[PDB]
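Sequential numbering of the sequence shown, starting at 101, is according to our numbering.
A virtual CB, placed ideally from N, CA and C, is assigned to each residue, including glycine.
First comes the structure, then the notes that go with it.
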Amino acid sequence: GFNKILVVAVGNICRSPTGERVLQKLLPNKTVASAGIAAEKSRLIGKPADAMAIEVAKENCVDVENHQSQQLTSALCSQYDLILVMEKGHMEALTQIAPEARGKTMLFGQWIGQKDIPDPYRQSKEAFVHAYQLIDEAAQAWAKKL
């Protein structure tokens, strides 16, 4: 069974913390965390979720406060049963870091047409609203299957 879920993207400040907390609210019987493939190179480790990501989630009663961006590592992947990436291209970048994690890595937006969810970083609130919408729809579908 998939009990520990890791939501993965690039910076671990916008989509992946949002997906973590949206999914955590829908799946209180699971442990959900998140990480970024390039959090360290982006100089983001320890940073909170983007303020606009927090605000958009808060308007939907999802708490993205007290987040700290962390880097995706092979050791981290071993702690989770299921990994959900925001873009299909993230899978190959992830398996470069943790080739053993291929089998448990799936797409966050699998159930909404296997769609990528684009990064809203450094764009207007509209982009964060769009990202939240896709994350919400995608997470609702995952919650019924885990």
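Counting only the Cα atoms, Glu237 lies some 7 Å from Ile212.
Only residues of its own chain outside the window of five on either side were considered, and among them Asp216 have a CB closer than 6 Å to the CB of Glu187, listed in chain order. Rounded to whole angstroms, the gap between the alpha carbons of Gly146 and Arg115 is 16 Å. With a 10 Å radius around the Cβ and a threshold of 16 neighbouring Cβ atoms, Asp150 comes out buried.
The beta carbon of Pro148 sits closer than 6 Å to the beta carbons of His167 from its chain, once the five residues preceding and following it are set aside; these are given in chain order. The DSSP-derived three-state label of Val122 is helix. A residue is called buried when at least 16 other Cβ atoms come within 10 angstroms of its Cβ; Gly209 meets this threshold and is buried. Residue environment for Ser178: exposed (fewer than 16 other C-beta atoms within 10 angstroms of its C-beta).
Collapsing the DSSP output to three states places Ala138 in coil. Rounded to whole angstroms, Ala241 and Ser142 show a C-alpha spacing of 31 Å.
As DSSP reads the structure, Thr205 sits in a beta bridge with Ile183.
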